file query_2.cif (mmCIF, C-alpha atoms)
data_upload
loop_
_atom_site.label_atom_id
_atom_site.label_comp_id
_atom_site.auth_asym_id
_atom_site.auth_seq_id
_atom_site.Cartn_x
_atom_site.Cartn_y
_atom_site.Cartn_z
CA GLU A 673 -28.18 35.24 18.87
CA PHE A 674 -29.68 38.70 18.54
CA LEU A 675 -26.39 40.19 19.67
CA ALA A 676 -24.63 37.92 17.18
CA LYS A 677 -26.24 39.01 13.93
CA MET A 678 -26.37 42.66 14.94
CA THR A 679 -22.59 43.06 15.18
CA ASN A 680 -21.74 42.54 11.55
CA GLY A 681 -18.30 43.82 10.60
CA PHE A 682 -16.84 43.52 14.07
CA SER A 683 -13.48 41.84 14.46
CA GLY A 684 -12.95 39.12 17.04
CA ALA A 685 -10.99 41.50 19.27
CA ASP A 686 -13.72 44.15 19.33
CA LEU A 687 -16.65 42.16 20.64
CA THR A 688 -14.36 40.69 23.26
CA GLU A 689 -14.18 44.24 24.58
CA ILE A 690 -17.90 44.84 25.06
CA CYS A 691 -18.15 41.77 27.31
CA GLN A 692 -15.70 43.57 29.54
CA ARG A 693 -17.30 46.99 29.23
CA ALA A 694 -20.60 45.46 30.33
CA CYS A 695 -18.83 43.79 33.26
CA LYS A 696 -17.28 47.12 34.23
CA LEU A 697 -20.64 48.83 33.90
CA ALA A 698 -22.20 46.32 36.25
CA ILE A 699 -19.33 46.42 38.75
CA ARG A 700 -19.77 50.21 38.92
CA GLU A 701 -23.40 49.81 39.94
CA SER A 702 -22.62 47.01 42.37
CA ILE A 703 -20.00 49.13 44.11
CA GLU A 704 -22.34 52.14 44.16
CA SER A 705 -25.27 50.16 45.57
CA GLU A 706 -23.26 49.19 48.64
CA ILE A 707 -22.52 52.84 49.40
CA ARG A 708 -26.11 53.83 50.18
CA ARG A 709 -26.73 50.63 52.15
CA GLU A 710 -24.04 51.50 54.68
CA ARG A 711 -24.85 55.24 54.45
CA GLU A 712 -28.46 54.80 55.54
CA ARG A 713 -29.52 57.80 57.58
CA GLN A 714 -30.48 56.80 61.14
CA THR A 715 -29.09 53.32 60.54
CA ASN A 716 -31.10 51.66 63.31
CA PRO A 717 -31.36 47.94 64.15
CA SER A 718 -35.09 48.16 63.43
CA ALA A 719 -36.15 46.72 60.04
CA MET A 720 -32.55 45.72 59.30
CA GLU A 721 -31.79 43.54 56.28
CA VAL A 722 -30.11 40.58 57.95
CA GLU A 723 -30.12 38.86 54.55
CA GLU A 724 -27.88 40.15 51.78
CA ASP A 725 -30.15 42.01 49.38
CA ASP A 726 -27.88 41.37 46.33
CA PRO A 727 -29.10 44.11 43.96
CA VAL A 728 -26.85 43.05 41.09
CA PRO A 729 -26.29 39.28 41.40
CA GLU A 730 -25.58 38.91 37.68
CA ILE A 731 -25.27 40.93 34.50
CA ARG A 732 -28.75 42.07 33.46
CA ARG A 733 -30.03 43.12 30.04
CA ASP A 734 -29.64 46.88 30.16
CA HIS A 735 -25.93 46.59 30.89
CA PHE A 736 -25.46 45.18 27.40
CA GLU A 737 -28.00 47.67 26.10
CA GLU A 738 -25.86 50.51 27.47
CA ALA A 739 -22.43 49.00 26.78
CA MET A 740 -23.30 48.52 23.12
CA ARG A 741 -23.46 52.30 22.62
CA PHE A 742 -19.68 52.64 22.72
CA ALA A 743 -18.96 49.93 20.16
CA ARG A 744 -16.68 50.68 17.22
CA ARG A 745 -15.37 48.47 14.45
CA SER A 746 -11.58 48.57 14.39
CA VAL A 747 -10.85 47.22 10.92
CA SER A 748 -12.23 49.37 8.11
CA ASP A 749 -13.31 48.28 4.65
CA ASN A 750 -10.31 49.85 2.91
CA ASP A 751 -7.84 47.48 4.59
CA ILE A 752 -9.76 44.22 4.24
CA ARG A 753 -9.57 44.87 0.51
CA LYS A 754 -5.79 44.79 0.90
CA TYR A 755 -5.90 41.21 2.14
CA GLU A 756 -8.40 40.29 -0.55
CA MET A 757 -6.02 41.86 -3.08
CA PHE A 758 -3.12 39.82 -1.71
CA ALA A 759 -5.37 36.77 -2.01
CA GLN A 760 -5.81 37.76 -5.65
CA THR A 761 -2.03 38.17 -5.95
CA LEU A 762 -2.00 34.46 -5.39
CA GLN A 763 -3.25 33.36 -8.80
CA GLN A 764 -6.09 31.44 -7.12
CA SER A 765 -6.59 28.54 -9.55
CA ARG A 766 -7.17 30.79 -12.56
CA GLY A 767 -6.17 30.15 -16.13
CA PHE A 768 -7.35 27.20 -18.18
CA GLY A 769 -9.66 25.65 -15.64
CA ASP A 770 -11.26 22.28 -16.32
CA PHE A 771 -9.79 19.91 -18.86
CA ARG A 772 -10.32 16.18 -19.26
CA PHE A 773 -8.15 13.23 -20.13
CA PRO A 774 -8.99 11.63 -23.50
CA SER A 775 -10.84 8.35 -23.79
CA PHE B 539 -27.95 48.88 -34.49
CA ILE B 540 -25.91 52.00 -35.03
CA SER B 541 -22.27 52.11 -34.02
CA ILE B 542 -19.85 54.96 -33.47
CA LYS B 543 -16.19 54.26 -32.83
CA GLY B 544 -13.20 55.83 -31.12
CA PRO B 545 -11.67 57.98 -33.88
CA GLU B 546 -15.10 59.18 -34.89
CA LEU B 547 -15.72 60.15 -31.27
CA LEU B 548 -12.65 62.11 -30.22
CA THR B 549 -12.43 63.98 -33.52
CA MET B 550 -15.38 65.97 -32.19
CA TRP B 551 -13.44 67.52 -29.32
CA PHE B 552 -10.12 67.63 -31.06
CA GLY B 553 -11.68 70.15 -33.43
CA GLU B 554 -14.02 71.57 -30.76
CA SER B 555 -17.24 70.32 -32.34
CA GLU B 556 -18.61 69.30 -28.96
CA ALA B 557 -22.26 70.11 -29.72
CA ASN B 558 -22.47 67.49 -32.45
CA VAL B 559 -23.83 64.47 -30.60
CA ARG B 560 -27.42 65.67 -30.59
CA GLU B 561 -27.83 64.47 -34.17
CA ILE B 562 -26.45 61.00 -33.42
CA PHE B 563 -28.88 60.73 -30.54
CA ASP B 564 -32.05 61.93 -32.23
CA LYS B 565 -31.20 59.75 -35.22
CA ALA B 566 -31.41 56.97 -32.67
CA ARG B 567 -34.66 58.49 -31.43
CA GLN B 568 -36.18 58.18 -34.92
CA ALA B 569 -35.50 54.44 -35.16
CA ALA B 570 -37.27 53.42 -31.96
CA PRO B 571 -35.97 49.92 -31.11
CA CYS B 572 -32.25 50.54 -31.50
CA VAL B 573 -29.16 49.87 -29.41
CA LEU B 574 -26.53 52.53 -30.01
CA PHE B 575 -23.09 51.16 -29.25
CA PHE B 576 -20.16 53.29 -28.26
CA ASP B 577 -16.72 51.77 -28.63
CA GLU B 578 -13.61 52.74 -26.64
CA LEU B 579 -15.28 55.63 -24.88
CA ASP B 580 -12.15 56.05 -22.77
CA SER B 581 -10.27 57.23 -25.86
CA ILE B 582 -10.60 60.84 -24.73
CA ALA B 583 -9.05 59.87 -21.38
CA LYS B 584 -5.52 60.12 -22.80
CA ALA B 585 -5.33 63.80 -21.85
CA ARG B 599 -15.92 67.76 -23.05
CA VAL B 600 -17.89 65.16 -24.97
CA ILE B 601 -18.40 62.84 -22.01
CA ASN B 602 -20.32 65.72 -20.49
CA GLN B 603 -22.20 66.22 -23.75
CA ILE B 604 -23.44 62.63 -23.64
CA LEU B 605 -23.99 63.09 -19.92
CA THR B 606 -26.42 65.97 -20.30
CA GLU B 607 -28.20 64.08 -23.06
CA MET B 608 -28.70 60.69 -21.40
CA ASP B 609 -30.72 62.13 -18.54
CA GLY B 610 -32.89 64.13 -20.92
CA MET B 611 -33.75 61.00 -22.88
CA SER B 612 -37.04 59.46 -21.79
CA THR B 613 -37.68 55.83 -20.90
CA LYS B 614 -40.80 55.01 -22.92
CA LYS B 615 -38.55 54.80 -25.93
CA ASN B 616 -36.55 51.59 -25.76
CA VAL B 617 -33.14 52.77 -26.95
CA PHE B 618 -30.24 51.27 -24.98
CA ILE B 619 -26.68 52.52 -24.66
CA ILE B 620 -24.04 49.79 -24.42
CA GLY B 621 -20.52 51.14 -24.05
CA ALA B 622 -17.28 49.18 -24.28
CA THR B 623 -13.87 49.90 -22.80
CA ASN B 624 -10.49 48.37 -22.05
CA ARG B 625 -9.20 50.53 -19.17
CA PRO B 626 -12.16 50.54 -16.77
CA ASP B 627 -10.41 52.41 -13.96
CA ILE B 628 -9.50 55.47 -16.04
CA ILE B 629 -13.16 56.09 -16.91
CA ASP B 630 -15.06 59.06 -15.51
CA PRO B 631 -16.92 57.95 -12.35
CA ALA B 632 -19.87 60.23 -13.19
CA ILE B 633 -20.87 57.73 -15.87
CA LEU B 634 -21.39 55.12 -13.14
CA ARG B 635 -24.03 57.00 -11.15
CA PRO B 636 -27.32 55.05 -10.86
CA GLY B 637 -29.63 56.19 -13.62
CA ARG B 638 -27.04 56.63 -16.36
CA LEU B 639 -24.94 53.46 -16.76
CA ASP B 640 -25.33 51.05 -13.86
CA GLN B 641 -24.53 47.47 -14.88
CA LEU B 642 -20.89 46.38 -15.17
CA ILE B 643 -20.71 43.13 -17.11
CA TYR B 644 -17.24 41.59 -17.25
CA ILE B 645 -16.33 39.78 -20.46
CA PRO B 646 -13.62 37.19 -19.76
CA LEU B 647 -11.15 35.52 -22.06
CA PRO B 648 -12.71 32.87 -24.32
CA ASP B 649 -13.07 29.39 -22.83
CA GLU B 650 -12.87 26.07 -24.70
CA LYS B 651 -16.37 25.76 -26.22
CA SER B 652 -16.31 29.41 -27.25
CA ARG B 653 -12.89 28.78 -28.82
CA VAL B 654 -14.07 25.87 -30.95
CA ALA B 655 -17.16 27.91 -31.89
CA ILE B 656 -15.13 30.92 -33.07
CA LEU B 657 -12.60 28.67 -34.83
CA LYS B 658 -15.33 26.94 -36.81
CA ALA B 659 -16.98 30.31 -37.42
CA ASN B 660 -13.97 31.85 -39.10
CA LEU B 661 -13.71 28.94 -41.57
CA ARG B 662 -17.10 29.23 -43.24
CA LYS B 663 -15.73 30.51 -46.53
CA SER B 664 -12.51 28.53 -46.84
CA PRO B 665 -12.88 24.87 -47.85
CA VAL B 666 -11.01 22.87 -45.21
CA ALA B 667 -9.97 19.23 -45.47
CA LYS B 668 -12.22 16.84 -43.59
CA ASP B 669 -9.41 15.33 -41.52
CA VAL B 670 -8.37 18.73 -40.13
CA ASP B 671 -9.26 18.40 -36.46
CA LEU B 672 -10.52 21.38 -34.51
CA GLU B 673 -11.23 20.07 -31.02
CA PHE B 674 -7.54 19.26 -30.73
CA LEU B 675 -6.73 22.76 -31.92
CA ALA B 676 -9.26 24.09 -29.42
CA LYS B 677 -7.83 22.77 -26.17
CA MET B 678 -4.24 23.33 -27.24
CA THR B 679 -4.58 27.11 -27.53
CA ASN B 680 -5.20 27.90 -23.90
CA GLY B 681 -4.59 31.53 -23.02
CA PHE B 682 -5.22 32.85 -26.50
CA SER B 683 -7.51 35.82 -26.91
CA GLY B 684 -10.31 35.78 -29.45
CA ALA B 685 -8.39 38.13 -31.74
CA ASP B 686 -5.26 35.95 -31.81
CA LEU B 687 -6.68 32.68 -33.04
CA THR B 688 -8.60 34.60 -35.67
CA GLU B 689 -5.16 35.44 -37.06
CA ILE B 690 -3.86 31.89 -37.50
CA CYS B 691 -6.86 31.03 -39.69
CA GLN B 692 -5.59 33.75 -41.98
CA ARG B 693 -1.93 32.83 -41.71
CA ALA B 694 -2.81 29.28 -42.74
CA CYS B 695 -4.83 30.65 -45.67
CA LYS B 696 -1.87 32.80 -46.71
CA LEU B 697 0.45 29.83 -46.36
CA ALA B 698 -1.74 27.78 -48.66
CA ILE B 699 -2.23 30.58 -51.19
CA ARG B 700 1.57 30.88 -51.42
CA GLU B 701 1.86 27.22 -52.39
CA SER B 702 -1.07 27.41 -54.78
CA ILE B 703 0.49 30.36 -56.58
CA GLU B 704 3.89 28.64 -56.66
CA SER B 705 2.49 25.36 -57.99
CA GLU B 706 1.11 27.10 -61.07
CA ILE B 707 4.54 28.51 -61.90
CA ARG B 708 6.19 25.16 -62.66
CA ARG B 709 3.14 23.91 -64.57
CA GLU B 710 3.45 26.68 -67.14
CA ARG B 711 7.27 26.61 -66.96
CA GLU B 712 7.52 22.97 -67.99
CA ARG B 713 10.64 22.47 -70.07
CA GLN B 714 9.79 21.28 -73.60
CA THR B 715 6.12 21.99 -72.97
CA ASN B 716 4.83 19.65 -75.68
CA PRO B 717 1.22 18.67 -76.46
CA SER B 718 2.17 15.05 -75.69
CA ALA B 719 1.00 13.80 -72.26
CA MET B 720 -0.66 17.15 -71.56
CA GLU B 721 -2.90 17.52 -68.51
CA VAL B 722 -6.15 18.58 -70.15
CA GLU B 723 -7.79 18.30 -66.72
CA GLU B 724 -6.92 20.79 -64.01
CA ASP B 725 -4.62 18.95 -61.61
CA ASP B 726 -5.65 21.10 -58.57
CA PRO B 727 -2.69 20.47 -56.24
CA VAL B 728 -4.13 22.52 -53.38
CA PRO B 729 -7.94 22.34 -53.64
CA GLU B 730 -8.39 23.03 -49.92
CA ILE B 731 -6.42 23.76 -46.77
CA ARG B 732 -4.61 20.59 -45.71
CA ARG B 733 -3.29 19.58 -42.29
CA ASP B 734 0.32 20.69 -42.48
CA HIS B 735 -0.69 24.26 -43.25
CA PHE B 736 -2.11 24.51 -39.75
CA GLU B 737 0.84 22.51 -38.45
CA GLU B 738 3.19 25.13 -39.90
CA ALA B 739 1.06 28.22 -39.22
CA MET B 740 0.81 27.33 -35.54
CA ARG B 741 4.55 27.90 -35.10
CA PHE B 742 4.16 31.68 -35.26
CA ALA B 743 1.40 31.91 -32.66
CA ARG B 744 1.74 34.33 -29.77
CA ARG B 745 -0.64 35.24 -26.98
CA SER B 746 -1.27 38.98 -26.97
CA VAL B 747 -2.69 39.50 -23.49
CA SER B 748 -0.27 38.59 -20.70
CA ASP B 749 -1.09 37.39 -17.20
CA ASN B 750 -0.10 40.65 -15.53
CA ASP B 751 -2.92 42.60 -17.20
CA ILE B 752 -5.75 40.10 -16.78
CA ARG B 753 -5.10 40.46 -13.06
CA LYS B 754 -5.90 44.15 -13.50
CA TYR B 755 -9.42 43.34 -14.67
CA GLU B 756 -9.80 40.75 -11.94
CA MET B 757 -8.69 43.43 -9.47
CA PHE B 758 -11.26 45.86 -10.83
CA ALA B 759 -13.82 43.07 -10.46
CA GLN B 760 -12.71 42.89 -6.83
CA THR B 761 -13.03 46.68 -6.59
CA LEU B 762 -16.68 45.99 -7.09
CA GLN B 763 -17.48 44.61 -3.64
CA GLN B 764 -18.84 41.43 -5.25
CA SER B 765 -21.56 40.42 -2.77
CA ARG B 766 -19.20 40.33 0.21
CA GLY B 767 -19.97 41.24 3.77
CA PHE B 768 -22.61 39.55 5.89
CA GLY B 769 -23.72 36.95 3.40
CA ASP B 770 -26.71 34.74 4.16
CA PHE B 771 -29.29 35.77 6.72
CA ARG B 772 -32.84 34.54 7.19
CA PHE B 773 -36.14 36.12 8.08
CA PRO B 774 -37.51 35.04 11.48
CA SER B 775 -40.36 32.60 11.85
#

call {"tool": "encode", "arguments": {"input": "query_2.cif", "output": "structure tokens"}}
result
Amino acid sequence: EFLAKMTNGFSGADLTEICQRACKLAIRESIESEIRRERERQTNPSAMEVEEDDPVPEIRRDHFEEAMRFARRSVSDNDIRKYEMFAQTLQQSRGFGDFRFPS
Amino acid sequence: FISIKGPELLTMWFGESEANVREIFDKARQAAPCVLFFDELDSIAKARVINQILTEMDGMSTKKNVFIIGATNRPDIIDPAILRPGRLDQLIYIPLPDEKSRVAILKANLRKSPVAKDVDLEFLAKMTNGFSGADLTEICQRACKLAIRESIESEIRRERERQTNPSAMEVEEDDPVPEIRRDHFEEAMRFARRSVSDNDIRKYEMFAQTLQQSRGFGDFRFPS
């Protein structure tokens, strides 16, 4: 809900991108975390993690906090006024307005 | 209430008397609670004095309660420097007259003329639909002209009676048209014409949409 009312003028195809940028930003760290775990110097059987450590099991908070920095609204204000102007080109129930039948 | 008009305005800069608005402003300073009213201040935008009002409005203090209401008909052609906050901020849109306003103005123009009591006006109100306020003020002069024609013509035959004898003479004034009857409006309505079209009221609606008109996010609430 806090991510909802912060993105204000964003189109529906723009905030569907940041929930892929955050997934890419977490897959980068989950690939990179497995590099050091196999590249342990003197990788000895002593004190070995027989259990999977799972450093990134799910998308955390700072992935969205970092993926939000590259957000950009695609539609401007100058072109939404074009569709509002076409909506005004439809006469839009304007003219006389209310009248009543006689009694 | 003072009032300067279009032709009184642009005749300053057509003859290069640009520094001649200081007197019409300090005359407004002398009468403290006034509302000086420009009229058609876009009249010089056919081809200055907007700058001469512009350097004067900021120099005018606020403890005096003089207000500057300006009217126009082409709101896009106006100088945008007049719309900076501090100088002239509010943009009130005056629409075409609706029904109750129409019956009000129609009764208002017939204060002087005696009208017959069976002349309806609510039926004349909701029949004229897209008429501007300056068009239905014309038919309550066309009907007066159409009744004055018949009241002049009726006096011609009364003095041009053949063998105008003193026998059976109307010593009383007959008064054939004492007031505006019904068929004068029924005949004067035939020449009615709306002045403003539909294509140009959409221009003012479009300028009203050029003002962003409270659009964007909309409702939000403070947290609890």

call {"tool": "closest_atom_pairs", "arguments": {"input": "query_2.cif", "of": "chain B", "to": "chain A", "cutoff": "8 Å", "atoms": "only C-alpha atoms", "output": "CSV"}}
result
residue,atom,partner,partner_atom,distance
B:649,CA,A:768,CA,7.7
B:680,CA,A:768,CA,6.2
B:681,CA,A:768,CA,7.1
B:753,CA,A:760,CA,7.9
B:757,CA,A:757,CA,7.1
B:760,CA,A:757,CA,7.7
B:767,CA,A:681,CA,7.5
B:768,CA,A:680,CA,6.5

call {"tool": "atom_distance", "arguments": {"input": "query_2.cif", "atom1": "atom CA of residue B:674", "atom2": "atom CA of residue B:732"}}
result
15.3 Å

call {"tool": "residues_around", "arguments": {"input": "query_2.cif", "residues": "stretch 718-735 of chain A", "least_positions_apart": "3", "cutoff": "12 Å", "atoms": "only C-alpha atoms", "output": "MDAnalysis selection string"}}
result
chainID A and resid 675 690:706 708:710 712 714:715 738:742

call {"tool": "residues_around", "arguments": {"input": "query_2.cif", "residues": "stretch 605-618 of chain B", "least_positions_apart": "6", "cutoff": "6 Å", "atoms": "all atoms listed in the file", "output": "ChimeraX atom specification"}}
result
/B:571-573

call {"tool": "residues_around", "arguments": {"input": "query_2.cif", "residues": "stretch 700-702 of chain B", "least_positions_apart": "2", "cutoff": "10 Å", "atoms": "only C-alpha atoms", "output": "PDB file with C-alpha atoms, keeping the file's coordinate frame"}}
result
ATOM      1  CA  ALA B 694      -2.810  29.280 -42.740  1.00  0.00           C
ATOM      2  CA  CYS B 695      -4.830  30.650 -45.670  1.00  0.00           C
ATOM      3  CA  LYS B 696      -1.870  32.800 -46.710  1.00  0.00           C
ATOM      4  CA  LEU B 697       0.450  29.830 -46.360  1.00  0.00           C
ATOM      5  CA  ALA B 698      -1.740  27.780 -48.660  1.00  0.00           C
ATOM      6  CA  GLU B 704       3.890  28.640 -56.660  1.00  0.00           C
ATOM      7  CA  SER B 705       2.490  25.360 -57.990  1.00  0.00           C
ATOM      8  CA  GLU B 706       1.110  27.100 -61.070  1.00  0.00           C
ATOM      9  CA  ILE B 707       4.540  28.510 -61.900  1.00  0.00           C
ATOM     10  CA  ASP B 726      -5.650  21.100 -58.570  1.00  0.00           C
ATOM     11  CA  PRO B 727      -2.690  20.470 -56.240  1.00  0.00           C
ATOM     12  CA  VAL B 728      -4.130  22.520 -53.380  1.00  0.00           C
ATOM     13  CA  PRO B 729      -7.940  22.340 -53.640  1.00  0.00           C
ATOM     14  CA  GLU B 730      -8.390  23.030 -49.920  1.00  0.00           C
ATOM     15  CA  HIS B 735      -0.690  24.260 -43.250  1.00  0.00           C
TER      16      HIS B 735
END

call {"tool": "resolve_selection", "arguments": {"input": "query_2.cif", "expression": "the PyMOL selection byres ((chain A and resi 684-688) around 8)", "output": "MDAnalysis selection string"}}
result
chainID A and resid 682:683 689:692 743:746

call {"tool": "atom_distance", "arguments": {"input": "query_2.cif", "atom1": "atom CA of residue B:644", "atom2": "atom CA of residue B:756"}}
result
9.2 Å

call {"tool": "atom_distance", "arguments": {"input": "query_2.cif", "atom1": "atom CA of residue B:742", "atom2": "atom CA of residue B:654"}}
result
19.6 Å

call {"tool": "closest_residue", "arguments": {"input": "query_2.cif", "among": "B:762, B:675, B:720, B:540", "to": "residue B:567", "atoms": "all atoms listed in the file"}}
result
B:540

call {"tool": "axis_aligned_box", "arguments": {"input": "query_2.cif", "around": "stretch 717-728 of chain A", "padding_each_side": "5 Å", "output": "lines of an AutoDock Vina configuration file"}}
result
center_x = -31.5
center_y = 43.5
center_z = 52.6
size_x = 19.3
size_y = 19.3
size_z = 33.1

call {"tool": "residues_around", "arguments": {"input": "query_2.cif", "residues": "residue B:562", "least_positions_apart": "5", "cutoff": "12 Å", "atoms": "all atoms listed in the file", "output": "VMD selection string"}}
result
chain B and resid 540 to 542 546 to 547 557 567 to 569 574 to 576 603 to 604 607

call {"tool": "decode", "arguments": {"input": "query_2.cif", "residues": "stretch 686-705 of chain A", "atoms": "N, CA, C and O atoms", "output": "PDB file, in the first residue's frame"}}
result
ATOM      1  N   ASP A 686       4.290   0.412 -16.632  1.00  0.00           N
ATOM      2  CA  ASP A 686       5.541   0.854 -16.037  1.00  0.00           C
ATOM      3  C   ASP A 686       5.804   0.222 -14.690  1.00  0.00           C
ATOM      4  O   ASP A 686       6.942  -0.141 -14.394  1.00  0.00           O
ATOM      5  N   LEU A 687       4.782   0.083 -13.858  1.00  0.00           N
ATOM      6  CA  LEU A 687       5.006  -0.582 -12.590  1.00  0.00           C
ATOM      7  C   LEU A 687       4.957  -2.091 -12.725  1.00  0.00           C
ATOM      8  O   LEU A 687       5.238  -2.794 -11.753  1.00  0.00           O
ATOM      9  N   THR A 688       4.620  -2.609 -13.902  1.00  0.00           N
ATOM     10  CA  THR A 688       4.855  -4.021 -14.144  1.00  0.00           C
ATOM     11  C   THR A 688       6.298  -4.290 -14.524  1.00  0.00           C
ATOM     12  O   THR A 688       6.691  -5.453 -14.632  1.00  0.00           O
ATOM     13  N   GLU A 689       7.087  -3.244 -14.719  1.00  0.00           N
ATOM     14  CA  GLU A 689       8.495  -3.388 -15.028  1.00  0.00           C
ATOM     15  C   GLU A 689       9.349  -3.421 -13.772  1.00  0.00           C
ATOM     16  O   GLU A 689      10.363  -4.127 -13.740  1.00  0.00           O
ATOM     17  N   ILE A 690       8.964  -2.686 -12.728  1.00  0.00           N
ATOM     18  CA  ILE A 690       9.796  -2.665 -11.533  1.00  0.00           C
ATOM     19  C   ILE A 690       9.657  -3.942 -10.720  1.00  0.00           C
ATOM     20  O   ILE A 690      10.600  -4.311 -10.012  1.00  0.00           O
ATOM     21  N   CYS A 691       8.580  -4.704 -10.901  1.00  0.00           N
ATOM     22  CA  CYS A 691       8.481  -6.023 -10.304  1.00  0.00           C
ATOM     23  C   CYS A 691       9.067  -7.092 -11.203  1.00  0.00           C
ATOM     24  O   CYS A 691       8.778  -8.279 -11.022  1.00  0.00           O
ATOM     25  N   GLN A 692       9.858  -6.687 -12.179  1.00  0.00           N
ATOM     26  CA  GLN A 692      10.812  -7.538 -12.854  1.00  0.00           C
ATOM     27  C   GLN A 692      12.228  -7.049 -12.667  1.00  0.00           C
ATOM     28  O   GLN A 692      13.151  -7.862 -12.624  1.00  0.00           O
ATOM     29  N   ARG A 693      12.411  -5.743 -12.514  1.00  0.00           N
ATOM     30  CA  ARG A 693      13.721  -5.214 -12.168  1.00  0.00           C
ATOM     31  C   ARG A 693      14.131  -5.640 -10.767  1.00  0.00           C
ATOM     32  O   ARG A 693      15.298  -5.972 -10.538  1.00  0.00           O
ATOM     33  N   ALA A 694      13.188  -5.676  -9.824  1.00  0.00           N
ATOM     34  CA  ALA A 694      13.526  -6.167  -8.496  1.00  0.00           C
ATOM     35  C   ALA A 694      13.830  -7.660  -8.508  1.00  0.00           C
ATOM     36  O   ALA A 694      14.729  -8.113  -7.787  1.00  0.00           O
ATOM     37  N   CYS A 695      13.150  -8.423  -9.363  1.00  0.00           N
ATOM     38  CA  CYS A 695      13.450  -9.845  -9.472  1.00  0.00           C
ATOM     39  C   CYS A 695      14.817 -10.067 -10.101  1.00  0.00           C
ATOM     40  O   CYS A 695      15.557 -10.966  -9.688  1.00  0.00           O
ATOM     41  N   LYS A 696      15.183  -9.236 -11.075  1.00  0.00           N
ATOM     42  CA  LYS A 696      16.511  -9.337 -11.660  1.00  0.00           C
ATOM     43  C   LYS A 696      17.583  -8.900 -10.676  1.00  0.00           C
ATOM     44  O   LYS A 696      18.674  -9.485 -10.635  1.00  0.00           O
ATOM     45  N   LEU A 697      17.267  -7.931  -9.832  1.00  0.00           N
ATOM     46  CA  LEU A 697      18.242  -7.462  -8.870  1.00  0.00           C
ATOM     47  C   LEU A 697      18.424  -8.452  -7.739  1.00  0.00           C
ATOM     48  O   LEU A 697      19.484  -8.475  -7.113  1.00  0.00           O
ATOM     49  N   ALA A 698      17.432  -9.292  -7.483  1.00  0.00           N
ATOM     50  CA  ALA A 698      17.648 -10.336  -6.496  1.00  0.00           C
ATOM     51  C   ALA A 698      18.266 -11.586  -7.097  1.00  0.00           C
ATOM     52  O   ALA A 698      19.024 -12.282  -6.409  1.00  0.00           O
ATOM     53  N   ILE A 699      17.994 -11.875  -8.373  1.00  0.00           N
ATOM     54  CA  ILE A 699      18.648 -13.015  -9.005  1.00  0.00           C
ATOM     55  C   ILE A 699      20.136 -12.753  -9.209  1.00  0.00           C
ATOM     56  O   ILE A 699      20.940 -13.692  -9.154  1.00  0.00           O
ATOM     57  N   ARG A 700      20.535 -11.488  -9.411  1.00  0.00           N
ATOM     58  CA  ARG A 700      21.958 -11.168  -9.487  1.00  0.00           C
ATOM     59  C   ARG A 700      22.669 -11.506  -8.185  1.00  0.00           C
ATOM     60  O   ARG A 700      23.718 -12.163  -8.193  1.00  0.00           O
ATOM     61  N   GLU A 701      22.072 -11.136  -7.055  1.00  0.00           N
ATOM     62  CA  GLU A 701      22.699 -11.418  -5.775  1.00  0.00           C
ATOM     63  C   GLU A 701      22.614 -12.888  -5.409  1.00  0.00           C
ATOM     64  O   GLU A 701      23.527 -13.404  -4.758  1.00  0.00           O
ATOM     65  N   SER A 702      21.616 -13.607  -5.911  1.00  0.00           N
ATOM     66  CA  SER A 702      21.561 -15.020  -5.577  1.00  0.00           C
ATOM     67  C   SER A 702      22.500 -15.839  -6.442  1.00  0.00           C
ATOM     68  O   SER A 702      22.931 -16.916  -6.024  1.00  0.00           O
ATOM     69  N   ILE A 703      22.815 -15.362  -7.644  1.00  0.00           N
ATOM     70  CA  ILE A 703      23.873 -15.994  -8.421  1.00  0.00           C
ATOM     71  C   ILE A 703      25.228 -15.693  -7.803  1.00  0.00           C
ATOM     72  O   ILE A 703      26.060 -16.592  -7.628  1.00  0.00           O
ATOM     73  N   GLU A 704      25.450 -14.432  -7.419  1.00  0.00           N
ATOM     74  CA  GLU A 704      26.742 -14.019  -6.884  1.00  0.00           C
ATOM     75  C   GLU A 704      27.044 -14.653  -5.532  1.00  0.00           C
ATOM     76  O   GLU A 704      28.212 -14.903  -5.219  1.00  0.00           O
ATOM     77  N   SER A 705      26.018 -14.938  -4.726  1.00  0.00           N
ATOM     78  CA  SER A 705      26.275 -15.531  -3.421  1.00  0.00           C
ATOM     79  C   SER A 705      26.736 -16.976  -3.535  1.00  0.00           C
ATOM     80  O   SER A 705      27.455 -17.464  -2.657  1.00  0.00           O
TER      81      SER A 705
END
